[PDB]
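One file, structure_31.cif, carrying mmCIF, C-alpha atoms:
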data_structure
loop_
_atom_site.label_atom_id
_atom_site.label_comp_id
_atom_site.auth_asym_id
_atom_site.auth_seq_id
_atom_site.Cartn_x
_atom_site.Cartn_y
_atom_site.Cartn_z
CA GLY Z 1 -12.23 27.65 33.64
CA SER Z 2 -14.42 29.16 31.03
CA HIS Z 3 -13.01 32.65 30.91
CA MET Z 4 -10.57 33.20 28.04
CA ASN Z 5 -9.28 29.65 27.83
CA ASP Z 6 -7.04 30.51 24.89
CA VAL Z 7 -8.39 33.52 23.09
CA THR Z 8 -10.08 36.72 24.08
CA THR Z 9 -13.86 37.05 24.66
CA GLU Z 10 -14.92 38.18 21.16
CA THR Z 11 -12.47 35.83 19.52
CA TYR Z 12 -13.94 32.88 21.44
CA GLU Z 13 -17.41 33.84 20.24
CA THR Z 14 -16.22 34.21 16.69
CA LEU Z 15 -14.96 30.66 17.31
CA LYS Z 16 -18.60 29.67 17.57
CA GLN Z 17 -19.23 31.56 14.33
CA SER Z 18 -16.30 29.78 12.62
CA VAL Z 19 -17.81 26.38 13.36
CA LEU Z 20 -21.42 27.63 12.83
CA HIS Z 21 -20.46 28.86 9.37
CA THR Z 22 -19.38 25.34 8.41
CA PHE Z 23 -22.76 23.91 9.43
CA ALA Z 24 -24.55 26.51 7.40
CA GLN Z 25 -22.55 26.87 4.22
CA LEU Z 26 -22.45 23.19 3.45
CA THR Z 27 -26.08 22.37 4.05
CA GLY Z 28 -27.73 25.56 2.90
CA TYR Z 29 -29.01 26.39 6.36
CA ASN Z 30 -28.92 29.93 7.66
CA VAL Z 31 -26.13 30.36 10.19
CA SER Z 32 -28.37 32.78 12.09
CA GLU Z 33 -30.88 29.95 12.51
CA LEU Z 34 -28.25 27.75 14.00
CA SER Z 35 -28.47 27.60 17.72
CA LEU Z 36 -25.51 26.29 19.74
CA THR Z 37 -27.65 24.10 21.97
CA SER Z 38 -29.56 22.67 19.00
CA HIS Z 39 -28.92 18.96 18.67
CA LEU Z 40 -28.16 18.67 14.95
CA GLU Z 41 -29.97 15.42 14.40
CA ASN Z 42 -33.10 16.39 16.30
CA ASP Z 43 -33.82 20.09 16.13
CA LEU Z 44 -32.01 21.07 12.96
CA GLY Z 45 -32.84 17.75 11.45
CA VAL Z 46 -29.53 17.07 9.80
CA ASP Z 47 -28.83 13.53 8.78
CA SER Z 48 -25.65 11.65 8.28
CA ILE Z 49 -25.19 12.26 4.53
CA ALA Z 50 -24.98 16.02 5.09
CA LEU Z 51 -23.64 15.91 8.68
CA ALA Z 52 -20.66 13.85 7.51
CA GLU Z 53 -19.43 16.59 5.19
CA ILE Z 54 -19.62 19.01 8.05
CA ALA Z 55 -17.62 16.80 10.47
CA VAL Z 56 -15.17 16.41 7.60
CA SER Z 57 -14.91 20.11 6.93
CA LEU Z 58 -14.62 20.92 10.64
CA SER Z 59 -11.68 18.54 10.98
CA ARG Z 60 -10.02 19.95 7.85
CA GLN Z 61 -10.77 23.66 8.42
CA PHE Z 62 -9.35 23.84 11.92
CA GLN Z 63 -6.70 21.25 11.01
CA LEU Z 64 -7.47 18.85 13.88
CA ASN Z 65 -5.26 15.92 14.88
CA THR Z 66 -7.85 13.24 14.74
CA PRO Z 67 -10.73 13.30 12.25
CA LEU Z 68 -14.06 13.99 13.89
CA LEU Z 69 -16.32 11.02 13.60
CA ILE Z 70 -19.84 11.66 12.40
CA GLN Z 71 -21.24 9.67 15.33
CA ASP Z 72 -19.34 11.97 17.68
CA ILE Z 73 -20.85 15.16 16.26
CA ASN Z 74 -24.14 15.51 18.16
CA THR Z 75 -24.87 19.17 18.76
CA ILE Z 76 -23.28 22.49 17.64
CA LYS Z 77 -21.83 23.31 21.10
CA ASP Z 78 -20.91 19.62 21.30
CA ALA Z 79 -18.98 19.93 18.05
CA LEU Z 80 -17.31 23.18 19.28
CA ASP Z 81 -16.27 21.21 22.38
CA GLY Z 82 -14.83 18.55 20.12
CA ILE Z 83 -13.06 21.10 17.90
CA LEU Z 84 -11.04 22.48 20.78
CA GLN Z 85 -10.35 19.00 22.06
CA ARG Z 86 -7.77 18.63 19.34
CA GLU Z 87 -6.70 21.87 17.65
CA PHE Z 88 -8.26 25.16 17.03
CA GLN Z 89 -7.04 28.45 15.71
CA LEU Z 90 -9.06 31.54 15.28
CA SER Z 91 -8.55 33.02 11.87
CA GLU Z 92 -6.85 29.82 10.69
CA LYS Z 93 -5.38 29.87 7.25
CA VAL Z 94 -6.26 27.12 4.89
CA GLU Z 95 -2.90 26.87 3.24
CA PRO Z 96 -3.36 25.03 -0.04
CA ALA Z 97 -0.74 23.29 -2.08
CA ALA Z 98 1.04 26.44 -3.22
CA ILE Z 99 3.98 24.36 -4.34
CA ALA Z 100 1.76 21.37 -5.34
CA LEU Z 101 4.27 18.59 -5.51
CA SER Z 102 4.44 14.96 -4.50
CA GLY Z 103 7.51 13.13 -3.21
CA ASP Z 104 7.05 10.56 -5.91
CA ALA Z 105 7.32 13.24 -8.58
CA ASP Z 106 10.53 14.94 -7.47
CA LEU Z 107 11.93 11.46 -6.69
CA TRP Z 108 12.67 10.48 -10.32
CA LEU Z 109 14.27 13.89 -10.93
CA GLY Z 110 16.26 13.25 -7.84
CA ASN Z 111 17.50 9.93 -9.09
CA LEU Z 112 19.06 11.17 -12.30
CA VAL Z 113 20.30 14.46 -10.85
CA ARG Z 114 22.44 12.61 -8.30
CA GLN Z 115 23.72 10.17 -10.91
CA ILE Z 116 25.15 12.89 -13.10
CA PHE Z 117 26.76 14.82 -10.21
CA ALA Z 118 28.16 11.56 -8.91
CA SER Z 119 29.52 10.43 -12.26
CA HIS Z 120 30.93 13.89 -13.01
CA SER Z 121 32.51 14.53 -9.63
CA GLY Z 122 33.64 10.95 -8.99
CA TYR Z 123 31.36 10.27 -6.04
CA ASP Z 124 28.84 7.55 -5.25
CA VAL Z 125 25.15 8.28 -5.97
CA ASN Z 126 23.89 6.56 -2.86
CA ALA Z 127 26.50 8.32 -0.77
CA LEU Z 128 25.06 11.63 -1.93
CA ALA Z 129 22.61 12.41 0.85
CA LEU Z 130 19.83 15.00 0.55
CA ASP Z 131 20.38 16.11 4.09
CA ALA Z 132 24.05 16.56 3.31
CA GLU Z 133 25.40 19.78 1.91
CA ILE Z 134 26.87 19.23 -1.53
CA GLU Z 135 29.73 21.62 -1.35
CA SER Z 136 30.32 21.46 2.37
CA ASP Z 137 29.91 17.76 3.19
CA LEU Z 138 29.74 15.93 -0.13
CA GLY Z 139 32.86 17.74 -1.28
CA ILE Z 140 31.58 18.73 -4.66
CA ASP Z 141 32.81 22.02 -6.10
CA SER Z 142 30.52 24.65 -7.54
CA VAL Z 143 31.91 24.11 -11.06
CA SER Z 144 31.65 20.34 -10.61
CA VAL Z 145 27.94 20.47 -9.78
CA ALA Z 146 27.01 23.42 -12.07
CA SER Z 147 28.68 21.96 -15.12
CA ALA Z 148 26.95 18.63 -14.58
CA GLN Z 149 23.51 20.32 -14.57
CA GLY Z 150 23.57 20.80 -18.34
CA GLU Z 151 24.09 17.17 -19.27
CA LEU Z 152 21.72 16.28 -16.46
CA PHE Z 153 18.89 18.26 -18.12
CA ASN Z 154 19.92 16.52 -21.38
CA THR Z 155 19.65 13.09 -19.78
CA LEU Z 156 16.37 14.24 -18.22
CA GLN Z 157 14.94 15.47 -21.57
CA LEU Z 158 14.73 18.95 -20.14
CA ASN Z 159 15.91 22.31 -21.31
CA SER Z 160 19.66 22.50 -20.60
CA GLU Z 161 19.18 26.10 -21.68
CA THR Z 162 17.90 26.68 -18.20
CA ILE Z 163 20.36 26.60 -15.31
CA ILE Z 164 19.83 25.51 -11.75
CA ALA Z 165 20.71 28.10 -9.18
CA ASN Z 166 23.24 26.09 -7.22
CA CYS Z 167 21.69 25.04 -4.03
CA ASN Z 168 24.00 23.55 -1.43
CA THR Z 169 21.52 20.79 -0.66
CA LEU Z 170 20.34 18.03 -2.97
CA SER Z 171 16.92 18.36 -1.47
CA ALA Z 172 16.72 21.96 -2.64
CA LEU Z 173 17.83 21.35 -6.23
CA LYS Z 174 15.57 18.32 -6.45
CA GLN Z 175 12.71 20.70 -5.86
CA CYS Z 176 14.33 23.04 -8.40
CA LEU Z 177 14.22 20.34 -11.13
CA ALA Z 178 10.61 19.65 -10.18
CA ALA Z 179 9.98 23.38 -10.72
CA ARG Z 180 11.82 23.26 -14.07
CA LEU Z 181 9.24 20.76 -15.23
CA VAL Z 182 6.41 23.21 -14.57
CA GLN Z 183 8.22 26.24 -15.92
CA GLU Z 184 9.74 24.61 -18.99
CA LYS Z 185 7.41 21.74 -19.92
CA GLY Z 186 4.27 22.89 -18.13
CA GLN Z 187 2.23 21.23 -15.35
CA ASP Z 188 1.61 18.51 -17.98
CA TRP Z 189 4.38 16.37 -16.47
CA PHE Z 190 2.39 15.68 -13.32
CA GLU Z 191 -0.90 15.69 -15.21
CA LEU Z 192 0.26 12.51 -16.97
CA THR Z 193 0.58 10.59 -13.71
CA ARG Z 194 -2.52 12.22 -12.28
CA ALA Z 195 -5.08 12.14 -15.05
CA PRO Z 196 -4.11 9.28 -17.43
CA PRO Z 197 -4.56 10.50 -21.05
CA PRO Z 198 -6.09 8.29 -23.86
CA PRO Z 199 -2.67 7.24 -25.52
CA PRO Z 200 -0.15 5.13 -23.49
CA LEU Z 201 1.39 8.08 -21.78
CA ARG Z 202 0.09 7.26 -18.32
CA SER Z 203 3.57 6.77 -17.04
CA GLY Z 204 4.46 10.26 -15.87
CA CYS Z 205 6.75 8.95 -13.24
#
Once you've parsed the file, please lay out its structure as structure tokens.
Amino acid sequence: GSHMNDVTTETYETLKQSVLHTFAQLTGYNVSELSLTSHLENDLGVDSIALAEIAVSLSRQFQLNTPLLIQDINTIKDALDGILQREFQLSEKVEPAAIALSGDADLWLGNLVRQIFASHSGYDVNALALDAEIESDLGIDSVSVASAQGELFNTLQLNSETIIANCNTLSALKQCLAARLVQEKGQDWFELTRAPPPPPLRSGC
């Protein structure tokens, strides 16, 4: 019906506010001058250049499945209708990249890390699966993996001074090496492949 479809009464009205706020903050319009039945194009007089950032932010803020198309955003209530058509959460948390990592970045760490453990322990690199537990499935002993870390950092031009807390999964330690980069060598490592610096040091992967 239209009586507490998902959230309580106040919460559902604050839902209006949550979407209203997006229309206001991006354009410079007062959210208190935004009326739910106001057709954006006509009454508020918002055009595509501004409207598009709103549709964009609405899709991102509430973390919708499908991106709202700017031709499909007609009126505020109409947008609200569209919001809930995919996904909506009151008091949604915009979780940023707290870890801030890319699978391409940890990948090259992951290549060498497996090679050393493999060579050291007498196993095959490609047989060393990330979903497979190192000690349990892969059959590598704690000493076998821990001792190999040192020479691994050496082969990786990283501080062998630092140790990897032995994680039983290759996925975990791969993330650990990726963290070592930030903690030992700075965020600079990823910055190279992100923002290409003047000298030929663009290859940060």
Convert the output of the PyMOL selection byres ((chain Z and resi 155) around 12) on the shown file into explicit residues, formatted as number ranges by chain.
Z: 109, 111-116, 148-154, 156-160
What would the file look like if the residues just selected were written as an mmCIF file, in the frame of the given file with C-alpha atoms?
data_model
loop_
_atom_site.group_PDB
_atom_site.id
_atom_site.type_symbol
_atom_site.label_atom_id
_atom_site.label_comp_id
_atom_site.auth_asym_id
_atom_site.auth_seq_id
_atom_site.Cartn_x
_atom_site.Cartn_y
_atom_site.Cartn_z
ATOM 1 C CA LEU Z 109 14.270 13.890 -10.930
ATOM 2 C CA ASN Z 111 17.500 9.930 -9.090
ATOM 3 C CA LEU Z 112 19.060 11.170 -12.300
ATOM 4 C CA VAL Z 113 20.300 14.460 -10.850
ATOM 5 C CA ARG Z 114 22.440 12.610 -8.300
ATOM 6 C CA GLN Z 115 23.720 10.170 -10.910
ATOM 7 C CA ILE Z 116 25.150 12.890 -13.100
ATOM 8 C CA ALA Z 148 26.950 18.630 -14.580
ATOM 9 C CA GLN Z 149 23.510 20.320 -14.570
ATOM 10 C CA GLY Z 150 23.570 20.800 -18.340
ATOM 11 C CA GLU Z 151 24.090 17.170 -19.270
ATOM 12 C CA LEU Z 152 21.720 16.280 -16.460
ATOM 13 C CA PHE Z 153 18.890 18.260 -18.120
ATOM 14 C CA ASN Z 154 19.920 16.520 -21.380
ATOM 15 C CA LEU Z 156 16.370 14.240 -18.220
ATOM 16 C CA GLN Z 157 14.940 15.470 -21.570
ATOM 17 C CA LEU Z 158 14.730 18.950 -20.140
ATOM 18 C CA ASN Z 159 15.910 22.310 -21.310
ATOM 19 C CA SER Z 160 19.660 22.500 -20.600
#
Per residue of segment 53-146 of chain Z within 10 Å of segment 1-14 of chain Z, what are the shortest atom pair and its distance in Å to one decimal, counting all atoms listed in the file, with rows by chain and residue number, as JSON lines?
{"residue": "Z:84", "atom": "CA", "partner": "Z:6", "partner_atom": "CA", "distance": 9.9}
{"residue": "Z:88", "atom": "CA", "partner": "Z:6", "partner_atom": "CA", "distance": 9.6}
{"residue": "Z:89", "atom": "CA", "partner": "Z:7", "partner_atom": "CA", "distance": 9.1}
{"residue": "Z:90", "atom": "CA", "partner": "Z:11", "partner_atom": "CA", "distance": 6.9}
{"residue": "Z:91", "atom": "CA", "partner": "Z:11", "partner_atom": "CA", "distance": 9.0}
Which residues, written as a list in words, have at least one atom at most 12 Å from residue 125 of chain Z, with only C-alpha atoms counted and residues fewer than 2 positions away on the same chain left out?
residues 110, 111, 112, 113, 114, 115, 116, 117, 118, 119, 120, 121, 122, 123, 127, 128, 129, 130, 134, 138 and 170 of chain Z
Writing out the chosen residues with C-alpha atoms as a compact mmCIF listing (two decimals), keeping the file's coordinate frame:
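Below is the file result.txt, written as the result:
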# COMPACT_ATOMS: atom_id res chain seq x y z
CA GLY Z 110 16.26 13.25 -7.84
CA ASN Z 111 17.50 9.93 -9.09
CA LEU Z 112 19.06 11.17 -12.30
CA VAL Z 113 20.30 14.46 -10.85
CA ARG Z 114 22.44 12.61 -8.30
CA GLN Z 115 23.72 10.17 -10.91
CA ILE Z 116 25.15 12.89 -13.10
CA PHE Z 117 26.76 14.82 -10.21
CA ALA Z 118 28.16 11.56 -8.91
CA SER Z 119 29.52 10.43 -12.26
CA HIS Z 120 30.93 13.89 -13.01
CA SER Z 121 32.51 14.53 -9.63
CA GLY Z 122 33.64 10.95 -8.99
CA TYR Z 123 31.36 10.27 -6.04
CA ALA Z 127 26.50 8.32 -0.77
CA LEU Z 128 25.06 11.63 -1.93
CA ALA Z 129 22.61 12.41 0.85
CA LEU Z 130 19.83 15.00 0.55
CA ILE Z 134 26.87 19.23 -1.53
CA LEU Z 138 29.74 15.93 -0.13
CA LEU Z 170 20.34 18.03 -2.97
Given all atoms listed in the file as the basis, pick out the residue of Z:194, Z:16, Z:174, Z:39 nearest to residue 73 of chain Z.
Z:39
Could you tell me how far atom CA of residue 137 of chain Z sits from atom CA of residue 169 of chain Z, in Å to one decimal place?
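Going from atom CA of residue 169 of chain Z over to atom CA of residue 137 of chain Z covers 9.7 Å.
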Suppose you want the space between atom CA of residue 83 of chain Z and atom CA of residue 101 of chain Z; what is it in Å?
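So the two atoms, atom CA of residue 83 of chain Z and atom CA of residue 101 of chain Z, lie 29.2 Å apart.
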Protein, DNA and RNA residues within 6 Å of (-0.5, 9.4, -15.9), only C-alpha atoms, as number ranges by chain:
Z: 192-196, 202-204
Written selection (C-alpha atoms) as a compact mmCIF listing (two decimals), keeping the file's coordinate frame:
# COMPACT_ATOMS: atom_id res chain seq x y z
CA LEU Z 192 0.26 12.51 -16.97
CA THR Z 193 0.58 10.59 -13.71
CA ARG Z 194 -2.52 12.22 -12.28
CA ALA Z 195 -5.08 12.14 -15.05
CA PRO Z 196 -4.11 9.28 -17.43
CA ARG Z 202 0.09 7.26 -18.32
CA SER Z 203 3.57 6.77 -17.04
CA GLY Z 204 4.46 10.26 -15.87
Enumerate, as number ranges by chain, the residues matched when the PyMOL selection byres ((chain Z and resi 168) around 10) is run on the file above.
Z: 130-138, 140, 142, 145, 165-167, 169-173
Test item: residues at most 8 Å from segment 43-59 of chain Z, only C-alpha atoms, excluding those fewer than 6 positions along its chain, as a PyMOL selection string
chain Z and resi 19+22-23+26-27+34+65-70+73+83
Selected segment 114-169 of chain Z, written as a compact mmCIF listing (two decimals), in the first residue's frame, C-alpha atoms:
# COMPACT_ATOMS: atom_id res chain seq x y z
CA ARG Z 114 53.63 -17.00 -4.72
CA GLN Z 115 56.82 -17.61 -6.69
CA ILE Z 116 59.03 -17.39 -3.63
CA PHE Z 117 56.77 -19.58 -1.45
CA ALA Z 118 56.53 -22.06 -4.29
CA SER Z 119 60.26 -22.15 -4.95
CA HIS Z 120 61.06 -22.35 -1.23
CA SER Z 121 58.50 -24.98 -0.30
CA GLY Z 122 58.80 -27.02 -3.51
CA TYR Z 123 55.32 -26.35 -4.81
CA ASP Z 124 53.96 -25.02 -8.10
CA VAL Z 125 53.10 -21.30 -8.30
CA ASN Z 126 49.98 -21.81 -10.36
CA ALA Z 127 48.86 -24.60 -8.07
CA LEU Z 128 48.95 -22.12 -5.19
CA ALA Z 129 45.36 -20.91 -5.13
CA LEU Z 130 44.23 -17.76 -3.31
CA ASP Z 131 41.07 -19.45 -2.19
CA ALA Z 132 43.15 -22.29 -0.82
CA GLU Z 133 44.54 -22.22 2.68
CA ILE Z 134 48.32 -22.24 2.60
CA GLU Z 135 48.97 -24.33 5.63
CA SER Z 136 45.82 -26.40 5.52
CA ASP Z 137 45.37 -27.18 1.81
CA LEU Z 138 48.57 -26.08 0.09
CA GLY Z 139 50.60 -27.98 2.65
CA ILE Z 140 53.07 -25.27 3.38
CA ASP Z 141 54.44 -25.05 6.92
CA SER Z 142 54.54 -21.86 8.93
CA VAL Z 143 58.36 -21.78 8.86
CA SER Z 144 58.32 -22.56 5.13
CA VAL Z 145 56.12 -19.57 4.31
CA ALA Z 146 57.47 -17.17 6.99
CA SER Z 147 61.09 -17.73 6.08
CA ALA Z 148 60.35 -17.15 2.41
CA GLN Z 149 58.79 -13.73 3.18
CA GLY Z 150 62.20 -12.14 3.77
CA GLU Z 151 63.71 -13.02 0.41
CA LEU Z 152 60.34 -12.25 -1.12
CA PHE Z 153 60.51 -8.64 0.13
CA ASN Z 154 64.10 -8.60 -1.20
CA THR Z 155 62.98 -9.76 -4.63
CA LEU Z 156 60.13 -7.23 -4.39
CA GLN Z 157 62.48 -4.33 -3.46
CA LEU Z 158 60.66 -3.97 -0.19
CA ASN Z 159 61.76 -3.81 3.40
CA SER Z 160 62.54 -7.39 4.50
CA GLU Z 161 62.89 -5.74 7.89
CA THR Z 162 59.14 -5.89 8.03
CA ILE Z 163 57.45 -9.26 8.49
CA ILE Z 164 54.14 -10.48 7.20
CA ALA Z 165 51.80 -11.74 9.86
CA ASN Z 166 51.25 -15.21 8.50
CA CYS Z 167 47.87 -15.37 7.00
CA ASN Z 168 46.58 -18.79 6.06
CA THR Z 169 45.26 -17.51 2.76
